[PDB]
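Enquirer: Okay, here's the structure, questions in a sec.
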Protein chains: 2
Amino acid sequence: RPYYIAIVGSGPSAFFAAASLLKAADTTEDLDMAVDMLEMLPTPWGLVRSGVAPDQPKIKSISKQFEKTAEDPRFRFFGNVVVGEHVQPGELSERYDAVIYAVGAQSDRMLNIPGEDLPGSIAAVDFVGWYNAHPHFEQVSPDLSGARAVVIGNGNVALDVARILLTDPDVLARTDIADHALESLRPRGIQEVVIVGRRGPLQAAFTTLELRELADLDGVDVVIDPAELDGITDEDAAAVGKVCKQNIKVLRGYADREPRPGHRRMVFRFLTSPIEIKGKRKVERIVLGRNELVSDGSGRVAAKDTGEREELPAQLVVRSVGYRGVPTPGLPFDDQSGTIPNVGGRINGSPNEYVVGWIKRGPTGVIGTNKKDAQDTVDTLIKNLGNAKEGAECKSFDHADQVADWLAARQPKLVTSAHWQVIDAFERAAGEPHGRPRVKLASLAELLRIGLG
Amino acid sequence: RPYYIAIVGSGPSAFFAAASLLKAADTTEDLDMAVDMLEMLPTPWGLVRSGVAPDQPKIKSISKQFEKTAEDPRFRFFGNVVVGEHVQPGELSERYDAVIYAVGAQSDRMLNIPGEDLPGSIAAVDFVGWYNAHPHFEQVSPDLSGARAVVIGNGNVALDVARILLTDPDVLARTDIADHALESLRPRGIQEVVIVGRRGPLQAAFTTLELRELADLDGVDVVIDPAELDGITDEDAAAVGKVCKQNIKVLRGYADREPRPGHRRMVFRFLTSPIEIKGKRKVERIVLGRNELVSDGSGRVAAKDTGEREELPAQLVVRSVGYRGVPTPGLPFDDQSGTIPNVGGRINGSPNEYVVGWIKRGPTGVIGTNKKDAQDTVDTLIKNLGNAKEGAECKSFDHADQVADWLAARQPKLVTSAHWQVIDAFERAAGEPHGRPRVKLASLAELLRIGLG
Ligand SMILES: Cc1cc2nc3c(=O)[nH]c(=O)nc-3n(C[C@H](O)[C@H](O)[C@H](O)COP(=O)(O)OP(=O)(O)OC[C@H]3O[C@@H](n4cnc5c(N)ncnc54)[C@H](O)[C@@H]3O)c2cc1C
Ligand SMILES: Cc1cc2nc3c(=O)[nH]c(=O)nc-3n(C[C@H](O)[C@H](O)[C@H](O)COP(=O)(O)OP(=O)(O)OC[C@H]3O[C@@H](n4cnc5c(N)ncnc54)[C@H](O)[C@@H]3O)c2cc1C
Ligand SMILES: NC(=O)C1C=[N+]([C@@H]2O[C@H](COP(=O)(O)OP(=O)(O)OC[C@H]3O[C@@H](n4cnc5c(N)ncnc54)[C@H](OP(=O)(O)O)[C@@H]3O)[C@@H](O)[C@H]2O)C=CC1=O
Ligand SMILES: NC(=O)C1C=[N+]([C@@H]2O[C@H](COP(=O)(O)OP(=O)(O)OC[C@H]3O[C@@H](n4cnc5c(N)ncnc54)[C@H](OP(=O)(O)O)[C@@H]3O)[C@@H](O)[C@H]2O)C=CC1=O
Ligand code: NA
Ligand code: NA
């Protein structure tokens, strides 16, 4: 019989794992694989679909690789299956030789400041999900009519949020952005976005191309007070690394240009932390505080509050201070890191359950970083199966049909590969008349109406 | 106040951690450290004392670094304190800002074959502990009068076991080897040691200098049937790595020399596994089986049993198939790996408990590998303390005296730095008349007789 492997989640780490498993079978005598992928949403691809910005179709095109993997007769997809709800980890570990958890980071890190949950104060997780038509975020529906938005954080997601708020909606109309978001963005309500970083430019988590692309926003002025960069030398930057030296150059380039009255603006503020979000019933203003950089002995510089304060009117606050993993019922979890504890990708205390991607490593790295991660986990998984075989300890298992029928019993509204293909064709066809790659079905009800029709 | 850090264990990873903590204090404004080291034995240094072979005084001399660290007034040692017995992890996490577990790997991996626990069949853990006068292994007392010993495994510990069994006892008489072991070795009972590796020479975990040093055994023939190496090319070796290419060369050099009748012998056998250990009431013979190398799809080659069998008379069997961590009461543990699950060195689910060394990484690497490991953990530890401080969440604490008195209440027979220094001076003085670096006190009773007199 082949080995039966379940993968939970369908993002990059899941697909890289699936490819690794099938390639091992393809290159190894007396080794065969069957892969079942269980996904919470009706649609695959995880953040490649729901995270990467709608103005980034080329980077999204890694999806072609995932499609090639899914063409394999040994591969099956079951969407609209929530592990922890419809089926439990213990049930999966008994019906499969091994199970790989590739669930990513489904929630947000909080600021832990007063006023944070006022209407108008949201996470990038919610805002990105909403603009990319993730069905769990359809009702986020932020008011985008106010003149100023504030984005907290200095990572690349912070730039995505700023860029989408200020991009010419005519440009966005040619993308797979959610129709509901395009509608809210069309009136161009936001006149200024302020990106607020707690440490300095040298500590920014941004990468260079992502900073450079802000120049392509037609008519939008990128504003940086030259005082944010004064005293930072080429030597200081080079001492952090190559990426930082390039970043600093690009930031100086923005600082060197005076903004134009009446133009939309993206403003970078460094050494600044949000202190308190204020308003009667919704966000009206934010209190910002100034930090200084201080060594804490860890080999990092820390931001330390100086006490200095200013208040800035604002109508939207988006915290882009990191995604965060969510515990899965039946599996161990590290609350502080939002990861599943593991040894070499094998789940703590488990002989046959594994982790890959952001649930294993934390929310760091580009899509490509998940490839070696998945390979390493898969190598270990296969080693462990082999050790069980040479010791004659492999499980005894029409098992493929039995499992598929059981999944259907637990979730009658599951979405097979075939039914995903229906959604996919529909969404792409919807984009044709107006020259968009696709128009997404933005709620579970709509996805299932098409998928399960 | 300073931060109070407890370190559990006193081997290389513990001392590297201690140095890292104090250096951070020394190089950081508004950061001060007090380090308490709690050790199960009366004596410090872990495997530097009890593991590294008695014919390796130079490598043991890293102890000088540990001594320099212990000279710091901010550093305290408490030996004969067993964490999990005299004090519990929960009690330590409340009395200290952070606790670092550096307990190493205290038990052995088993072969899981019939006859394994017959008298005369032991682990390298027990055998090395016994010959290095580790007080938990004083009664191992193996019979060394029989002509043949068999050592299982192809790691550097396997070479230590073989080398000590066959070294001229006149040479060992000038070392810090346990007197009880020197007594058993003096009659030169063992005429042949057979080192049995399950995979091939290309897969050996030995390193090169360690293989080369076997040539320095005066009068002992290293025996390798040329057929063990036939068909292994320079190209095959180079494809594994530099160390392997050098190893293969050294092994060929041994194979190229015919053994001499009547000489003591060390024999290398590859592609061989122990199947069963036999005898009426003690080890009398071992059944060996032949393996072939087969890909299991993991990117390793696996050994697979061919079924071929031979029986070899043997009176001692030492399994050197890896050390193994032991669970600590109150802390999580991964049974399969024998490690404590952790995220970046922080213990799963804990805000202030950490791991370093072999309990974190598994039993791999030379002494020096623990240095960066400890540094990385300490960097994280200090970061986390700093984050707690900027948030005003640090514990409220004569605390040094209070803790020391509490330890004395729990363990009246604890061994202070001063009392270790007494043991140390006594043992070294004992070695003077016969030109030995020290003569170790080999039981807890003897250690305490001197230490606490
Ligand atoms: C806003 C954003 C933009 C990004 N843009 C880029 C970019 O432009 N370029 C780049 O290289 N990288 C980008 N990244 C990084 C990239 O998205 C990640 O590296 C990658 O997606 C992580 O893959 P993953 O498999 O761990 O998780 P995910 O991609 O998050 O996939 C996890 C999958 O698991 C499913 N799941 C979760 N829980 C369950 C459950 N209980 N049961 C069943 N299924 C479950 C989810 O629905 C999801 O489909 C971006 C990340 C974000 C957050
Ligand atoms: C036989 C042997 C020979 C070796 N020879 C060499 C060599 O020649 N060169 C080289 O570079 N490396 C050598 N090594 C590797 C080296 O010993 C390890 O890399 C290193 O010692 C691991 O350090 P550690 O701190 O993790 O653990 P250890 O050195 O094992 O120290 C752990 C300490 O924790 C204490 N402890 C355990 N449990 C408790 C408890 N519950 N409460 C209080 N204390 C506790 C122990 O008593 C011990 O003192 C050898 C290893 C072995 C096994
Ligand atoms: N094109 C690309 O390569 C992209 C890549 N990503 C990749 O995905 C991950 C996640 O991105 P994301 O921006 O969410 O996270 P990070 O890069 O870690 O940046 C987090 C920032 O948040 C900041 N943060 C965290 N807590 C706070 C508080 N309390 N106040 C203020 N600021 C805070 C953090 O600041 P810090 O460095 O800790 O001082 C980062 O700037 C990260 O590795 C990205 O590079 C994401 C989007 C892309 O477009
Ligand atoms: N001078 C030095 O640098 C020294 C260094 N050490 C270092 O300490 C660690 C531990 O050494 P140790 O020899 O205990 O372990 P390893 O190097 O991992 O070697 C283990 C070997 O055991 C073998 N093993 C494991 N299970 C079995 C079974 N079931 N049957 C037969 N053989 C088995 C294993 O074989 P494998 O590679 O898995 O096929 C290694 O050869 C290792 O990293 C050493 O290099 C130890 C002693 C030294 O002298
Ligand atoms: Na981006
Ligand atoms: Na050695």
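Counting starts with 1 at the first residue shown.
In case you wondered, yes, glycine gets a Cβ from its N, Cα and C as well.
For reference, Swiss-Prot lists these features for the protein:
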- A:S13, A:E39, A:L47, A:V83, A:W358, A:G365, A:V366, A:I367: FAD binding site (BINDING)
- A:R109, A:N154, A:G155, A:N156, A:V157, A:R198, A:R199, A:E210, A:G365: NADP(+) binding site (BINDING)
Enquirer: Quick check: of the binding-site residues listed here (A:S13, A:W358, A:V366), which one has the Cα closest to that of A:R109 (NADP(+) binding site)?
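Expert: Nearest listed residue in space: A:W358.
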Enquirer: In DSSP terms, helix, strand or coil for A:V83 (FAD binding site)?
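Expert: Going by the DSSP assignment, A:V83 (FAD binding site) falls within a strand, counted as strand.
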Enquirer: Among the binding-site residues listed here (A:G155, A:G365), identify the one with the smallest other-Cβ count within 10 Å.
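Expert: Result for the binding-site residues A:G155, A:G365: minimum number of other Cβ atoms within 10 Å at A:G365.
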Enquirer: Nearest of the binding-site residues to A:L47 (FAD binding site) by CA-CA distance, picking from A:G155, A:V157, A:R199?
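Expert: That would be A:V157, the closest of A:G155, A:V157, A:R199 to A:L47 (FAD binding site).
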Enquirer: Just how many other Cβ atoms lie inside 10 Å of the Cβ on A:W358 (FAD binding site)?
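Expert: A:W358 (FAD binding site) is surrounded by 29 other Cβ atoms within 10 Å.
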Enquirer: Could you tell me which of the binding-site residues A:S13, A:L47, A:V83, A:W358, A:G365 have their C-beta within a distance under 6 angstroms of some atom of ligand 3?
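Expert: Only A:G365 qualify.
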Enquirer: Below 8 Å Cβ to Cβ and six or more residues apart, same chain only. Which residues does that give for A:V83 (FAD binding site)?
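Expert: Non-local contacts for A:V83 (FAD binding site): A:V8, A:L38, A:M40, A:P89, A:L92, A:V103, A:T328.
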Enquirer: Determine the C-alpha span of the NADP(+) site listed in the record, that is the greatest distance between any two of A:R109, A:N154, A:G155, A:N156, A:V157, A:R198, A:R199, A:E210, A:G365, in Å to the nearest whole number.
Expert: 22
Enquirer: Taking A:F397 and A:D398 as the last and first modelled residues around a gap of 2, how many Å apart are their Cα atoms?
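Expert: Both gap-flanking Cα atoms are 8 Å from one another.
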Enquirer: Tell me, if you would, which residue among A:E39, A:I367 (binding-site residues) has the fewest other CB atoms within 10 Å in the structure shown?
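Expert: Per-residue Cβ counts within 10 Å for the binding-site residues A:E39, A:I367 bottom out at A:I367.
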Enquirer: Need the DSSP three-state call for A:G365 (FAD binding site) to compare against my parser.
Expert: coil
Enquirer: By CA distance, which of the binding-site residues (A:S13, A:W358, A:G365) lies nearest to A:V157 (NADP(+) binding site)?
Expert: A:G365
Enquirer: How many Å lie between the Cα of A:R199 (NADP(+) binding site) and the Cα of A:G365 (FAD binding site)?
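Expert: That comes out at 20 Å between the alpha carbons.
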Enquirer: Hey, does DSSP put A:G155 (NADP(+) binding site) in a helix, a strand, or just coil?
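Expert: DSSP assigns A:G155 (NADP(+) binding site) to coil.
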Enquirer: May I ask which of the binding-site residues A:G155, A:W358, A:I367 have a CB within less than 6 Å of any atom of ligand 1, listed in sequence order?
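Expert: The binding-site residues passing the 6 Å Cβ test are A:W358, A:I367.
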Enquirer: What is the interatomic distance between the Cα atoms of A:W358 (FAD binding site) and A:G155 (NADP(+) binding site), given in whole Å?
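Expert: About 16 Å separate the Cα atoms of these two residues.
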Enquirer: Do you know which of the binding-site residues A:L47, A:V157, A:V366 has the most other C-beta atoms within 10 angstroms of its C-beta?
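Expert: The residue with the densest Cβ neighbourhood is A:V157.
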Enquirer: Distance between A:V366 (FAD binding site) and A:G155 (NADP(+) binding site) at the Cα atoms, whole Å?
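Expert: The Cα atom of A:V366 (FAD binding site) is 12 Å away from the Cα atom of A:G155 (NADP(+) binding site).
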Enquirer: If I restrict to non-local contacts, at least six residues apart, and a C-beta distance under 8 angstroms, what lies near A:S13 (FAD binding site) in its own chain?
Expert: A:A102, A:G104, A:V356, A:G357, A:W358, A:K360, A:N370, A:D373, A:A374
